[PDB]
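First, one chain by itself in structure tokens, the form deposited in one PDB entry.
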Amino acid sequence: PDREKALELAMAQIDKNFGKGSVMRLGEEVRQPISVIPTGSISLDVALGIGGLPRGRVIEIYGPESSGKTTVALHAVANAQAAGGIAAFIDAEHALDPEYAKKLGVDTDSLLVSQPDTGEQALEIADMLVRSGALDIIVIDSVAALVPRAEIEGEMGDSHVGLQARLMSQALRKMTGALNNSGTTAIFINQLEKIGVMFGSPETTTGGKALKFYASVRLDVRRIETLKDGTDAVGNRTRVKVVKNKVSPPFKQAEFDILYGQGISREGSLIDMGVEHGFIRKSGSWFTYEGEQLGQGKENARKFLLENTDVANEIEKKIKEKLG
């Protein structure tokens, strides 16, 4: 190439008129911002390209029940709180469980939680609550539970059936500018492909029409396998694919563990992530760390870092220092 002449000038024009990262090649290591929100999984973190979800942008997390969406949502939230941040939770499902949130790192006490009466409301609240500039993150549990005021009151609206896609489009449009000027990232939980499921692949094509286009990031969270511990069902392994990422190349895979009541294993995430990058060395079942050993079985290894917090932070570091 010299072909690379006009092309690079072009792409400059694309990012010029249409948003920022409108065009890029799968193989890049983009700018890397200073403000991000770690997901709780370094694995996912790196797949997002920027070690956290983007700020001031809308984010769609979708997949089947019992996948890992809320957990992820709740972790992503526990952190906006560590850096002194205010988080809001718009609840249309009435299925949030504090004892679990808290167990993950979420200050439930200071966690704002609305319980909308119509979807048209839920969004109004979520908006004029955003136009504040006080919230760092806001989670909308269930995109489908936001029923229009007309379908819920039996009848009292316009342009009949197929309206809640309008309420979304018309609202998402307002939150866009609202979020792009306040630095509030929002997570929309979308309940219900994931490659490796099979049997068909559902019915009538939307990852939320509007949401599909508004979303800057879109996670495809699917449960890939339920875990064990020679005892029972400790948790399960989750697979997240980033089908959309306007902050860095998309289509990146991220896999991690989630344990009932515990959440995402940072430790277990560090091992499988530190070895693949030569930081950790498996041999004879010993996940030894440069000279000194960690544990016999990966579980016992998960536990080691769990006890040796100091050495675990040193691994998380080296890895994020090797890439981003």
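Numbers follow the displayed sequence, beginning with 1. Residues that one form lacks are left out of the comparison. Here the rigid core means the biggest group of C-alpha atoms that line up within 1.5 Å when the two forms are laid on top of each other.
- The entry shows a gap from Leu192 to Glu193, with 1 to 3 unmodelled residues of the deposited sequence in between.
- For the two regions 215-223 and 231-239, the entry's Cα B-factors average higher over 231-239.
- For the pair 283-291 and 53-61, the mean Cα B-factor is higher in 283-291.
- Looking at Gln170, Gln115, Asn79, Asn180, the one whose CA carries the top B-factor in the deposited record is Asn180.
- Highest CA B-factor among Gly105, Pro250, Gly119, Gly200, as stated in the entry: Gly200.
- In this PDB entry, the Cα temperature factor of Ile258 sits in the bottom third of its chain's modelled residues, the lowest group.
- Per-chain ranking of the deposited C-alpha B factor places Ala12 in the highest third.
- When the modelled residues of the chain are ordered by C-alpha B-factor, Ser265 sits in the middle third.
- When the modelled residues of the chain are ordered by C-alpha B-factor, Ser132 sits in the middle third.
- When the modelled residues of the chain are ordered by C-alpha B-factor, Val275 sits in the highest third.
Heads up, the form deposited in another entry isn't pictured, but that's what we're talking about next.
- Just one of the listed positions, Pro98, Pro202, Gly133, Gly177, moves its Cα by at least 2 Å between the shown form and the other one when the rigid core is held fixed, and it is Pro202.
- The two forms, fitted on the rigid core, differ between the shown form and the other one by 2 Å or more at the CA of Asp158.
- Between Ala73 and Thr204, the C-alpha separation shrinks by 3 Å or more in the other entry, relative to the conformation displayed.
- Relative to this conformation, a decrease of 3 Å or more in the Cα-Cα distance between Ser159 and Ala122 is found in the other entry.
- Shifted regions between the shown form and the other one (3+ consecutive residues, every CA moving 2 Å or more on the core fit): 155-163, 193-207.
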